[PDB]
Amino acid sequence: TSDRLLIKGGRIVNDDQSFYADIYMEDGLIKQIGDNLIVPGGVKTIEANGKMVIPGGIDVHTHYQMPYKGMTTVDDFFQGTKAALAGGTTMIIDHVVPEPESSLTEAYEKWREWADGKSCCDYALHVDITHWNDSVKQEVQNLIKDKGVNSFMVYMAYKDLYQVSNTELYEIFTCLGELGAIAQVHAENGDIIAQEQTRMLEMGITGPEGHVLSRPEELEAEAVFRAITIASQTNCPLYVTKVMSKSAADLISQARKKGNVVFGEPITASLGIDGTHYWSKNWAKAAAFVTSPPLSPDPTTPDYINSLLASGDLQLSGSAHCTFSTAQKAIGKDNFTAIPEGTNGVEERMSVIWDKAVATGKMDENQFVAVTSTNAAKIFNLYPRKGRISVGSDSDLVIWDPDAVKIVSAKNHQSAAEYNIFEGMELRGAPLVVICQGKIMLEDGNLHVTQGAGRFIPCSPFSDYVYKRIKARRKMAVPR
Amino acid sequence: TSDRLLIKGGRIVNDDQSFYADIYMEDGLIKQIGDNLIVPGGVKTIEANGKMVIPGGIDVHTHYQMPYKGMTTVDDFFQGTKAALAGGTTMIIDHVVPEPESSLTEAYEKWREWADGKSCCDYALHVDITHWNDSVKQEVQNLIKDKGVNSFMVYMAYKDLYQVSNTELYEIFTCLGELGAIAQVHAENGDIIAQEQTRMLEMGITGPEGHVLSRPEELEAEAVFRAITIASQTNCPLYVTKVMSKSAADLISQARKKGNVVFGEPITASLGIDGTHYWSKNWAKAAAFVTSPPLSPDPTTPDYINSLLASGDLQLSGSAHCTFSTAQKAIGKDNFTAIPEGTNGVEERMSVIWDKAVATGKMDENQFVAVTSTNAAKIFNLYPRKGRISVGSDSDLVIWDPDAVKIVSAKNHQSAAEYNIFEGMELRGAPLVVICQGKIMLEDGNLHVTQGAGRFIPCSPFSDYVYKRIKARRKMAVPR
Amino acid sequence: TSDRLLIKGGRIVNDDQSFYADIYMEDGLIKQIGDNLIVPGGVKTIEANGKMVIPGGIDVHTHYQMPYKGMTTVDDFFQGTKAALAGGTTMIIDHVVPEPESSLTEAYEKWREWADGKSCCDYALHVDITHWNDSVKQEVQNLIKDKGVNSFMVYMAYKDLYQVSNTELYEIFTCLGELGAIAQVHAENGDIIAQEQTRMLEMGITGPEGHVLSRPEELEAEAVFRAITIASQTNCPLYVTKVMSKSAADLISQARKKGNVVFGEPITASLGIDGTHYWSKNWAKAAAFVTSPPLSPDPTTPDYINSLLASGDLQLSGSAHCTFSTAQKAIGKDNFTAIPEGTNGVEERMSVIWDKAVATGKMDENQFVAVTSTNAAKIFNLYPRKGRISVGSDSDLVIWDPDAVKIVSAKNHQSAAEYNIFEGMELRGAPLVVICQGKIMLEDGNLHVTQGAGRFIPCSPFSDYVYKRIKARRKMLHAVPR
Amino acid sequence: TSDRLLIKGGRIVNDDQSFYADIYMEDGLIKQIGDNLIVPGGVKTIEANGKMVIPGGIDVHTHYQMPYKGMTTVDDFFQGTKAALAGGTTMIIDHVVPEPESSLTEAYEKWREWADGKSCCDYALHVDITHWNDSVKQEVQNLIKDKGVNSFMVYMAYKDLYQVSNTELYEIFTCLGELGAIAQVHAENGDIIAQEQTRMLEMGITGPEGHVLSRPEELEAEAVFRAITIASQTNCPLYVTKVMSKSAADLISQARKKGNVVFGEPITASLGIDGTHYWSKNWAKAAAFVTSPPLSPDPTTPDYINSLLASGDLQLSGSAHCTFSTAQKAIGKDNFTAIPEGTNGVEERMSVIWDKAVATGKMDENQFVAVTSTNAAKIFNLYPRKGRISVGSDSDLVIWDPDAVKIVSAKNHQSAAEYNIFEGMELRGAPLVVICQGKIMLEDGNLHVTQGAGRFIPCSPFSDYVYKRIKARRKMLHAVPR
């Protein structure tokens, strides 16, 4: 599997504490932690020299080689996970997207085949419920029981394509609750967005600004509140993907304070920048920002999202990395509704949070670990195998430099995209060394990776972190 | 029309101020206000003797002789307005309910005929949009232009009967906004209520408690938030009927603080009592409380609703007076979904608010006037004809006694109902004398009324109180 | 008193409704409202020609010729009320400020003498409680009973000068509540501000930016919350002067929703602009913004204050007009704690609100009247004499042009100040004609005024709008018999 | 030190995860965790049989043998820690209270002597800053550096006894922040409470109900908001003791969301019951509830406090166990201000939280551990030595029965008090076995304890959980060059 490796003089930073210790690794696992380790001679030894050592990042939202209209996103499972590793991320969770009226299981097999053959790092899979009926219900059950899936996503947007009704939502959340799965949502109101898009085009607003104006944050907030409400009535845990706005995040905060089982996933884009760039005079640049929900035009938004990720009102971060070329984006040059949706973010996720939340004093290093790996591992039932530096855990570690300062650019990023939405931003905090599966995959700015080295990691239902309260609530007429 | 009448030594209480003055009336109108009025000899003179004189109450939500399954509510336009006058209310606004797929205009004519022939007092009419299509759109326009209607209601509940989709809501609010009408809603989520009713019956909960448990306040709050959101996107003023819960009222408060044009209508029931009585061992008593949305089981609710009516987060009061006999209620004795919905409240509305909000120190007498007549007159475009004691205004006045104390009972109420949901409650504050159309219709506990004396009062669109901001907001691409 | 005057073809805008009618005025009073008025021939007639006619503005917060260290503010009761009238304001309420350990009543007489002799328009007076003891308590009673005062202000700031303790606040609010007066506060925490000033000076931050950084909005919010709490415990109505920050305005909103009797007074400065200009490289410009509480550095502040004035969470507007010359400001050139505090705002108040809340669609014309006159008249017990176009009310009216557009500048303002904190701002909405005491005092951009023409207007205690709930709450304490 | 011990078949429940494993212990420490442990023959073996095994509770607020007017509370460090252990608590943190104008360090030595000689379990000490001056400042430094103290409490109540001013609060929080200590507060407004007490007595309300009516929750909320504000301005972490009311808990929630470093400590009383019993016709019963801040008369309070402990808006639980006899309480029979303040709670703390938050579905077993030990260990810098079942941690463990159901009564409690404020309450969840310092101190309902067995545990300043953000904020003040 993996050679012996010793990291010396490192400061271990887990979500619960930080402490000085050496780390000995072999065959994909952490074997010893402490001082003066009884270790074989001739072991490859890295001198951490007081630098931080954290669990590798888990990016819970990717779209590598995602199909769209006979094309594919430009970062595939190989190049996309190269990008992840370059940024300190050692596990990704991608979305399987079956065509409406097609098999979920057959889609899952396709995605397993693509990723097993190309991923540089360990991965898992969410399965999107793009339509609903009795056979789909059966497949969901089968996928949870037999295929290592515990997370499924529904769409409240994309009217006449993926969108599900309130009756379907109730049916689906009841089912996912009974089976021990996470119920994920893409939460915007598709019915109202459909009208507003028509309204924008009739006003002659065909550029990317038409995208953000046709999807104001009130339509994200409505759909979030409604999802929270249906999930509560069906005793189902809810996970809100791609939290983009202050109002969505406040609804999640509100629901969690009442005791509702609700999680929020901000992304690199909503943590790092705003939507002013939709009004760029450079069409291509503006189209690079087109994603759904969009980036809020309100410039106070990213500081707020970071604040709520710091306080635990939001719990984990993803990227929704979903890159298209300038030529693909330009398909929608005359009509924003035809711009393929998605931006970059996998490489920049951990640096963006360090820069915006840790160097700003909003969160400490332990909460940084929580919001980049450990909470994700707990929610998806991967803890302590992932998201922790502990004996018996997987050898996925990063030597992090808090003092590193790097300018982001399309020129030096691993993505095949020509644009980078964070172009020109100077970020504090970066990885020096990345170890994945016990092997050194980044050092001295050099990537050392193998196509297909990454393993599918099965995720079991009924995560304790998610379901203990649900179960306790389940456990709890007037005779006339 | 109406004989000369002089009220002397009264303390006039309008929404804006209180002051001592005599009031001279003739032919339906207030002619002079002041001291030492130049008045003809031989005028009928009432000695107010320091007592308050307020504008007659406007009850903006009634259902007199409302049809249901070949029956009718037991209080008709005559007996129902007798009840209103006994309680200090001198104008009512009733709901016209066309069958799905039938003409709105034909329904309006029926209701005009019933009320013109029986009402004791002036009235107006809201028209319920029970279904939606091109011909209904046309009728709405015609009714606003030609028939004195400015208020229309849509249902978010009653799946497969009255319920409208989000696309229909957007269409309808856009239309009502363009035409200068108030958009009213019955705001509960019918899709989810349908599931919960099935769930209650499968648990064997067939009594009235199944009604309140199948319609928890979260389902009122969801639908209110969604209506607020669609109304905001379409620049349409929203009016929430039958505010029953703390969470609904808080959403209205929130929206108004942002600047959204939203009004809330608590009712006598939600101001005066809670939903604990759904669990009464007396089936009949419990069924007397069945209304939609239901009374909150949370006993802190009525004090809170009064508080938000006091602070102006809620603006006006109705009753939704909709009475059925015990025999009619008993149709649903084996299945709560078959209990006809509706309770009493028209007679008790003004006394309930005085007792719960004024004698408690939450609101003063001027705000009492506002929330019982003047705000309703402003919203429905009836001010200063109604809701004000002013020269040239209609002679609809009440001599109110703050020190009166009365126990409510089915035995002494004007309603034909056998039950009164406020049975046994002692209320501070009551009318001594009611003058309507310049005629004394209550004195010494005696009603003096004529069937059909009441006039239809046309209500024009584009009320200033409602539409000035809407118009100003209406009045307010990147070239590449 | 005042000649016959007829305004024809006007659209009257009161707080409750708007309607078309002619207005006939004589001897300081509105005599008739309606169509085809029975009127004597030869009456001076103004053609409003569809333009709005509103009640004159009431500015509830001014500091004309306010003394400070042997000097005075540069706009006195004459020039300051010229400024008021030029902007559509026909009544002002100024603050009487007695020196600590001196008589409130003697201070009141000095102020009455200054204003009676110079004011162009009607006025009233608040009295500031700058210190507290038995004789001050007696004077407050006497002033309410005999001198037409119903509003008194206390300071939670200015440690070792004006500041009162929590015991004194309790005593004072109990007393003012018993006597039917409005309890006004200057609400910032003076103990903590003292420390932060020292911290700014030790960091070498001596310019105007040190002023806003030594008084962060948290210190306004703390004092507001504490004043609300003491006022609630003593059944006393509370009025928060100079609402500057979002957080202060949210606490007032929160308290009103619970039923507490609390009023908030934003000022022209907090409605119109933010505090970014404390960091101007021009010292003199930055010092022109120095006022307390300061303008929020958060640029989302003025939009928010306008939003809460629109929704009624805040009820009335003032200016706290308190102007000093550049030479006077420069006394603090080496130390921001020595910059005399105060900015302009009286002339600009009504246009600022129209431009920022009405032309933006946040409030309608009727709420504009409410927040520029009618709510002030109700709170200070001047309604319907002021703040309303009604038969028997005072002839204080403005013909307002919603379509007028004017750039503000020190060059054309009535103030003697060299700086204007709204310099260069283009504002929508302005007065065309101002009538005061039935007399045309502004027309064609010309002022027609007389020194000393203004009358003191006595203000009685126990305003209904303020006290009916307080009284009902007092009317409603049982031991457990054991 | 301590004999070999093996617990088999147990379900370990830490704050982060639960898992099945055997636990081997020797000489005060957990030595091995796992399956098939290499263990010496003849080891005392307990069969957990699938039952939960959790870290022993840490009660961060006790007042054992606290002096008051020449008397003492009736539960001393021995009997009081017997009560603790009976309820699943294996460590207590008590408050050292020096007389005003006396030495903090001398008080600390007295308390160390009392506890070292009587405590059954490990303990630590907070030191209360009952007055403030230069020598007290020096002692605080000395206690942190040399005596294992990292937590100090100030009083915002008790006017003319312990109360500190806003200047003193600023000075004290600045000092505690610089030294790496937790700043604890007793947060009620003492100035206003003094007035309201006098008001209650003048109304003839002398019974216990006068206590809760003279201290309405608004006066707790005001003091909380002010403490948050001063702590924020001085970059000092704040810990709110005895969170009793919904409004206090909402202010802590609000401040934490903004990023302020603020902790809240609900107590057994506020988690388990309300204040309706102040109106009991039995004087003695009512007086048994007298504590400060008092129990809220609002019966929705305890459900809400449990909800905010569940969501993490409040982080840790104490008891403020402070018991007086009926005869001692009765000293205030004619005047509630003379009733000695304090109730029971140490024994009942963990069962109350299980019954009211876990069996109700508000929180899971892992958050239960967090709020009964682990968050306290992190805040006071005792993690992972305490609050965790981990190799190298202290052998303080409890075998917990989720299915146990017990009625609370004065008849069977360990306290010397005649009254129990939870009398008659049936609580779900109880300890079966308690191990402390590796020794079985509760089994089969029998206590096995030794007077003086407990050790003082030094607590170091600059806890990472508390100070990493504070430090980062300090690391991040430019003048405008003109």
# chains A, B, ... in the order shown; residues from 1 in each chain; ligands from 1

call {"tool": "select_by_dssp", "arguments": {"residues": "range 270-405 of chain A", "states": "alpha helix (DSSP H)", "output": "count of residues only"}}
result
38

call {"tool": "residues_around", "arguments": {"residues": "range 177-183 of chain C", "least_positions_apart": "6", "cutoff": "8 Å", "atoms": "only C-alpha atoms", "output": "ChimeraX atom specification"}}
result
/C:141,144,150-154,234-239,380,461-463,467

call {"tool": "write_last_selection", "arguments": {"atoms": "C-alpha atoms", "output": "PDB file, in the first residue's frame"}}
result
ATOM      1  CA  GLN C 141     -41.882  70.871  38.866  1.00  0.00           C
ATOM      2  CA  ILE C 144     -43.762  72.195  34.063  1.00  0.00           C
ATOM      3  CA  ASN C 150     -42.881  69.394  29.118  1.00  0.00           C
ATOM      4  CA  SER C 151     -39.600  67.916  27.978  1.00  0.00           C
ATOM      5  CA  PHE C 152     -36.314  67.496  29.846  1.00  0.00           C
ATOM      6  CA  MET C 153     -33.052  65.836  28.792  1.00  0.00           C
ATOM      7  CA  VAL C 154     -30.477  63.874  30.797  1.00  0.00           C
ATOM      8  CA  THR C 234     -40.301  53.617  36.442  1.00  0.00           C
ATOM      9  CA  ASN C 235     -43.291  53.767  34.061  1.00  0.00           C
ATOM     10  CA  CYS C 236     -41.740  56.772  32.363  1.00  0.00           C
ATOM     11  CA  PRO C 237     -41.878  57.593  28.647  1.00  0.00           C
ATOM     12  CA  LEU C 238     -38.457  57.720  26.990  1.00  0.00           C
ATOM     13  CA  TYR C 239     -37.286  59.777  24.067  1.00  0.00           C
ATOM     14  CA  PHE C 380     -44.899  67.468  22.531  1.00  0.00           C
ATOM     15  CA  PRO C 461     -47.674  67.817  30.300  1.00  0.00           C
ATOM     16  CA  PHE C 462     -49.560  64.540  29.960  1.00  0.00           C
ATOM     17  CA  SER C 463     -49.764  64.417  26.145  1.00  0.00           C
ATOM     18  CA  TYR C 467     -49.399  59.058  28.554  1.00  0.00           C
TER      19      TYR C 467
END

call {"tool": "residues_around", "arguments": {"residues": "residue 35 in chain B", "least_positions_apart": "5", "cutoff": "10 Å", "atoms": "only C-alpha atoms", "output": "number ranges by chain"}}
result
B: 8-9, 20-23

call {"tool": "atom_distance", "arguments": {"atom1": "CA of residue 478 in chain C", "atom2": "CA of residue 205 in chain D"}}
result
7.4 Å

call {"tool": "closest_residue", "arguments": {"among": "C:219, C:472, C:52, C:447", "to": "residue 21 in chain C", "atoms": "only C-alpha atoms"}}
result
C:52

call {"tool": "interface_residues", "arguments": {"of": "chain D", "to": "chain A", "cutoff": "10 Å", "atoms": "only C-alpha atoms", "output": "compact mmCIF listing (two decimals) with N, CA and C atoms, in the first residue's frame"}}
result
# COMPACT_ATOMS: atom_id res chain seq x y z
N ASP D 15 -17.76 13.42 23.90
CA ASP D 15 -18.51 14.50 23.23
C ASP D 15 -18.49 14.37 21.68
N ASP D 16 -17.49 13.69 21.14
CA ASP D 16 -17.28 13.64 19.69
C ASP D 16 -17.83 12.39 19.02
N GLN D 17 -17.95 11.30 19.78
CA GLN D 17 -18.39 10.01 19.23
C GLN D 17 -18.75 9.01 20.35
N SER D 18 -19.50 7.97 19.99
CA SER D 18 -19.74 6.83 20.87
C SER D 18 -19.28 5.56 20.20
N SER D 253 -26.62 34.44 23.17
CA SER D 253 -26.77 33.88 21.80
C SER D 253 -26.43 34.89 20.71
N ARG D 256 -22.54 35.78 20.79
CA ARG D 256 -21.75 34.70 20.16
C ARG D 256 -21.89 34.70 18.63
N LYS D 257 -23.08 34.96 18.10
CA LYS D 257 -23.27 34.95 16.64
C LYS D 257 -22.45 36.07 15.96
N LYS D 258 -22.26 37.18 16.65
CA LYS D 258 -21.46 38.28 16.12
C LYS D 258 -19.99 37.99 16.19
N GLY D 259 -19.59 36.95 16.91
CA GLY D 259 -18.17 36.63 17.09
C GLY D 259 -17.61 37.00 18.46
N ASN D 260 -18.41 37.59 19.33
CA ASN D 260 -17.90 37.94 20.66
C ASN D 260 -17.60 36.64 21.45
N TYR D 304 -36.89 26.48 27.47
CA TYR D 304 -36.09 27.34 26.61
C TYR D 304 -34.60 27.27 26.95
N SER D 307 -33.28 24.22 25.59
CA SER D 307 -33.15 24.36 24.13
C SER D 307 -31.90 25.10 23.73
N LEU D 308 -31.54 26.14 24.47
CA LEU D 308 -30.32 26.87 24.13
C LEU D 308 -29.05 26.18 24.65
N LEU D 309 -29.16 25.36 25.68
CA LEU D 309 -28.03 24.49 26.04
C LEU D 309 -27.86 23.44 24.93
N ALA D 310 -28.96 22.95 24.37
CA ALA D 310 -28.89 21.94 23.30
C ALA D 310 -28.24 22.47 22.03
N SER D 311 -28.53 23.72 21.66
CA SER D 311 -28.03 24.29 20.41
C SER D 311 -26.62 24.89 20.53
N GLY D 312 -26.11 24.98 21.76
CA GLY D 312 -24.78 25.49 22.00
C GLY D 312 -24.75 26.98 22.25
N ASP D 313 -25.91 27.66 22.23
CA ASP D 313 -25.95 29.06 22.65
C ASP D 313 -25.55 29.24 24.12
N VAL D 358 -32.36 15.44 26.95
CA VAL D 358 -32.04 14.24 26.17
C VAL D 358 -33.27 13.36 25.94
N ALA D 359 -34.01 13.06 27.02
CA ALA D 359 -35.21 12.23 26.86
C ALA D 359 -36.32 13.00 26.12
N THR D 360 -36.21 14.32 26.06
CA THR D 360 -37.11 15.14 25.24
C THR D 360 -36.67 15.30 23.76
N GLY D 361 -35.50 14.78 23.40
CA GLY D 361 -35.04 14.86 22.01
C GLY D 361 -34.41 16.16 21.59
N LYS D 362 -34.10 17.03 22.55
CA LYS D 362 -33.50 18.32 22.21
C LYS D 362 -32.01 18.19 21.92
N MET D 363 -31.34 17.29 22.65
CA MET D 363 -29.90 17.06 22.47
C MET D 363 -29.61 15.55 22.52
N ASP D 364 -28.50 15.15 21.92
CA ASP D 364 -28.08 13.75 22.01
C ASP D 364 -27.07 13.53 23.14
N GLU D 365 -26.73 12.26 23.34
CA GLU D 365 -25.89 11.84 24.43
C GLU D 365 -24.51 12.48 24.38
N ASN D 366 -24.04 12.75 23.16
CA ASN D 366 -22.72 13.34 22.98
C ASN D 366 -22.70 14.81 23.43
N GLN D 367 -23.74 15.57 23.07
CA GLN D 367 -23.90 16.94 23.59
C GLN D 367 -24.14 16.98 25.11
N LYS D 378 -12.68 22.26 28.62
CA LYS D 378 -12.04 23.10 27.61
C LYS D 378 -11.92 24.57 28.05
N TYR D 383 -8.82 20.03 29.75
CA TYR D 383 -9.02 19.01 28.70
C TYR D 383 -7.66 18.63 28.11
N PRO D 384 -7.43 17.32 27.84
CA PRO D 384 -8.30 16.14 27.99
C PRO D 384 -8.12 15.36 29.29
N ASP D 464 -6.64 27.57 25.04
CA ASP D 464 -6.78 27.67 23.57
C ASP D 464 -8.23 27.91 23.12
N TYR D 465 -9.16 27.15 23.72
CA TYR D 465 -10.59 27.22 23.39
C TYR D 465 -11.15 28.61 23.63
N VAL D 466 -10.51 29.35 24.53
CA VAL D 466 -10.96 30.67 24.91
C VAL D 466 -10.18 31.80 24.23
N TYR D 467 -8.87 31.64 24.09
CA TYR D 467 -7.96 32.76 23.77
C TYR D 467 -7.38 32.82 22.36
N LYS D 468 -7.44 31.74 21.58
CA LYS D 468 -6.83 31.79 20.23
C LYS D 468 -7.40 32.96 19.38
N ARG D 469 -8.71 33.19 19.47
CA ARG D 469 -9.33 34.28 18.69
C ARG D 469 -8.95 35.62 19.28
N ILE D 470 -8.95 35.69 20.61
CA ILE D 470 -8.57 36.92 21.30
C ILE D 470 -7.16 37.32 20.85
N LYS D 471 -6.24 36.36 20.84
CA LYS D 471 -4.84 36.64 20.43
C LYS D 471 -4.78 37.12 18.98
N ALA D 472 -5.52 36.44 18.10
CA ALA D 472 -5.52 36.78 16.67
C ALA D 472 -6.11 38.19 16.47
N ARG D 473 -7.06 38.57 17.32
CA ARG D 473 -7.68 39.90 17.20
C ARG D 473 -6.75 41.00 17.68
N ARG D 474 -5.98 40.71 18.71
CA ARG D 474 -4.96 41.63 19.20
C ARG D 474 -3.86 41.86 18.13
N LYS D 475 -3.46 40.79 17.45
CA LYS D 475 -2.41 40.83 16.42
C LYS D 475 -2.76 41.78 15.25
N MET D 476 -4.00 41.74 14.79
CA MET D 476 -4.49 42.69 13.79
C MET D 476 -4.42 44.11 14.35

call {"tool": "closest_atom_pairs", "arguments": {"of": "chain D", "to": "chain C", "cutoff": "7 Å", "atoms": "only C-alpha atoms", "output": "JSON lines"}}
result
{"residue": "D:166", "atom": "CA", "partner": "C:191", "partner_atom": "CA", "distance": 6.3}
{"residue": "D:167", "atom": "CA", "partner": "C:191", "partner_atom": "CA", "distance": 6.0}
{"residue": "D:191", "atom": "CA", "partner": "C:167", "partner_atom": "CA", "distance": 6.0}
{"residue": "D:192", "atom": "CA", "partner": "C:167", "partner_atom": "CA", "distance": 6.9}
{"residue": "D:205", "atom": "CA", "partner": "C:479", "partner_atom": "CA", "distance": 5.1}
{"residue": "D:218", "atom": "CA", "partner": "C:229", "partner_atom": "CA", "distance": 6.7}
{"residue": "D:222", "atom": "CA", "partner": "C:226", "partner_atom": "CA", "distance": 6.0}
{"residue": "D:225", "atom": "CA", "partner": "C:222", "partner_atom": "CA", "distance": 6.9}
{"residue": "D:226", "atom": "CA", "partner": "C:222", "partner_atom": "CA", "distance": 6.0}
{"residue": "D:229", "atom": "CA", "partner": "C:218", "partner_atom": "CA", "distance": 6.7}
{"residue": "D:279", "atom": "CA", "partner": "C:480", "partner_atom": "CA", "distance": 6.4}
{"residue": "D:281", "atom": "CA", "partner": "C:482", "partner_atom": "CA", "distance": 5.4}
{"residue": "D:479", "atom": "CA", "partner": "C:205", "partner_atom": "CA", "distance": 5.1}
{"residue": "D:480", "atom": "CA", "partner": "C:279", "partner_atom": "CA", "distance": 6.4}
{"residue": "D:482", "atom": "CA", "partner": "C:281", "partner_atom": "CA", "distance": 5.4}

call {"tool": "residues_around", "arguments": {"residues": "range 406-421 of chain A", "least_positions_apart": "6", "cutoff": "8 Å", "atoms": "only C-alpha atoms", "output": "PyMOL selection string"}}
result
chain A and resi 74-75+79-80+82-83+86+269+285+288-289+323-326+343-344+347+427-430

call {"tool": "closest_residue", "arguments": {"among": "A:204, A:318, A:42, A:67", "to": "chain B", "atoms": "only C-alpha atoms"}}
result
A:204

call {"tool": "decode", "arguments": {"residues": "range 180-193 of chain C", "atoms": "N, CA and C atoms", "output": "short mmCIF file (atom, residue, chain, number, x, y, z; two decimals), in the first residue's frame"}}
result
data_model
loop_
_atom_site.label_atom_id
_atom_site.label_comp_id
_atom_site.auth_asym_id
_atom_site.auth_seq_id
_atom_site.Cartn_x
_atom_site.Cartn_y
_atom_site.Cartn_z
N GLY C 180 -45.79 64.06 34.20
CA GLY C 180 -46.35 64.07 32.85
C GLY C 180 -45.43 64.60 31.75
N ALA C 181 -44.13 64.63 32.02
CA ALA C 181 -43.11 65.13 31.09
C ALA C 181 -42.54 64.02 30.21
N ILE C 182 -41.94 64.40 29.08
CA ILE C 182 -41.14 63.48 28.23
C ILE C 182 -39.75 63.39 28.84
N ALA C 183 -39.24 62.17 29.07
CA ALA C 183 -37.85 61.99 29.50
C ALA C 183 -36.97 61.79 28.27
N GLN C 184 -36.16 62.80 27.94
CA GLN C 184 -35.20 62.71 26.84
C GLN C 184 -33.83 62.27 27.35
N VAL C 185 -33.11 61.52 26.53
CA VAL C 185 -31.74 61.13 26.85
C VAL C 185 -30.73 61.41 25.73
N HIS C 186 -29.54 61.81 26.13
CA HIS C 186 -28.36 61.64 25.30
C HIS C 186 -27.72 60.31 25.72
N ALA C 187 -27.85 59.31 24.88
CA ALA C 187 -27.50 57.96 25.26
C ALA C 187 -26.19 57.45 24.63
N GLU C 188 -25.07 57.77 25.28
CA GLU C 188 -23.83 57.02 25.09
C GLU C 188 -23.19 56.74 26.44
N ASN C 189 -22.46 55.64 26.56
CA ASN C 189 -21.83 55.32 27.84
C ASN C 189 -20.56 56.17 28.07
N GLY C 190 -20.66 57.21 28.88
CA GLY C 190 -19.53 58.11 29.14
C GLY C 190 -18.34 57.52 29.88
N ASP C 191 -18.58 56.54 30.73
CA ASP C 191 -17.48 55.89 31.40
C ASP C 191 -16.57 55.18 30.42
N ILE C 192 -17.14 54.44 29.48
CA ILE C 192 -16.32 53.69 28.55
C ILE C 192 -15.73 54.60 27.48
N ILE C 193 -16.48 55.61 27.03
CA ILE C 193 -15.96 56.58 26.07
C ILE C 193 -14.73 57.28 26.65
#
